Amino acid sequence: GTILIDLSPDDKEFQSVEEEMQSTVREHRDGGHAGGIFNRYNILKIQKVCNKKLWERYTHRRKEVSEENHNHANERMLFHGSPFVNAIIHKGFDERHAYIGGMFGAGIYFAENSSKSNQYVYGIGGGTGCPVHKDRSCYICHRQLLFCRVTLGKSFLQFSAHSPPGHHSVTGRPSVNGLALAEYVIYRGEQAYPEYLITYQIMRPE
């Protein structure tokens, strides 16, 4: 049921998505090993992902959460990077998209930093990089990220499966790298919706 609608660069909705993509790039502690070396992106395309079934799956769960949490879904817009982008946009988030080895357990991980998600585009740890050149820092090959609507509800704070009892998600607060943004984990696929498919290249710094 999924339809992808291209957004014009002239569209204010394209511009705010791009600004969040570009402005949440940071440097990574791996010196760019997993994700490549870059400070910014070349945005090639932004699409609205539209699927009535999967939206309604998302909002049904959102209401359940919100009623458990004084009418507060605690809804975020967060980045997701995966080798399974295509299956996510077509079938929705489920168990097969979980980062089994994640630091907060087997669940689906999301980042405030677009550049953190970028590290998972070609697999955990960047895998072996792009399929064409086997280059984790490929400046030529087209990448895709999801910009997702995420329901956090009451989130368990971790300074650094099931959500912890009485909670709907886990928040990873960075506690060493002063410039890192938060990372989040949900344990039910129904708590995220892939609103935007972003296609891009990482840009070689001058």
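Counting begins at 1, following the sequence as shown. Here the rigid core means the biggest group of C-alpha atoms that line up within 1.5 Å when the two forms are laid on top of each other.
RMS Cα shift after core superposition in 9 other deposited structures of this protein, winner of 112-120 and 91-99: Farther from the shown form on average in 9 other deposited structures of this protein: 91-99.
Between 166-174 and 147-155, which one shows the bigger average Cα displacement from this form in 9 other deposited structures of this protein once the rigid core is aligned? Higher root mean square deviation of C-alphas in 9 other deposited structures of this protein is shown by 166-174.
Determine, among the other compared PDB entries that model residues flanking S160, whether at least a third leave it unmodelled. Yes.
Per the record, how many residues of the deposited chain fall between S160 and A161 without being modelled: none, 1 to 3, 4 to 9, or 10 or more? 4 to 9 residues are missing.
Residue range whose averaged C-alpha B-factor is higher in the record, 138-146 or 174-182: It is 174-182 that shows the higher mean C-alpha B-factor.
Select between 83-91 and 117-125 the stretch whose C-alpha atoms have the higher average B-factor in the entry. Of 117-125 and 83-91, the stretch with the higher C-alpha B-factor average is 83-91.
Have a look at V132, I108, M77, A73 and flag the one whose Cα has the highest B-factor in the entry. Checking the PDB record, the top C-alpha B-factor among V132, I108, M77, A73 is at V132.
Modelled-residue ranking by C-alpha temperature factor, third containing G35: Its C-alpha B-factor belongs to the middle third of this chain's values.
What third of its chain's C-alpha B-factors does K154 belong to: lowest, middle or highest? Within its chain, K154 is a lowest-third residue by C-alpha B-factor, going by the deposited values.
Ranked by Cα temperature factor within the chain, is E20 in the lowest third, the middle third or the highest third? Its C-alpha B-factor belongs to the middle third of this chain's values.
Within-chain third of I46 by Cα B-factor, per the entry: Tercile = lowest for this residue's CA B-factor.
Looking at the temperature factor on the CA atom of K53, which third of the chain's modelled residues does it land in? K53: CA B-factor falls in the highest third of its chain.
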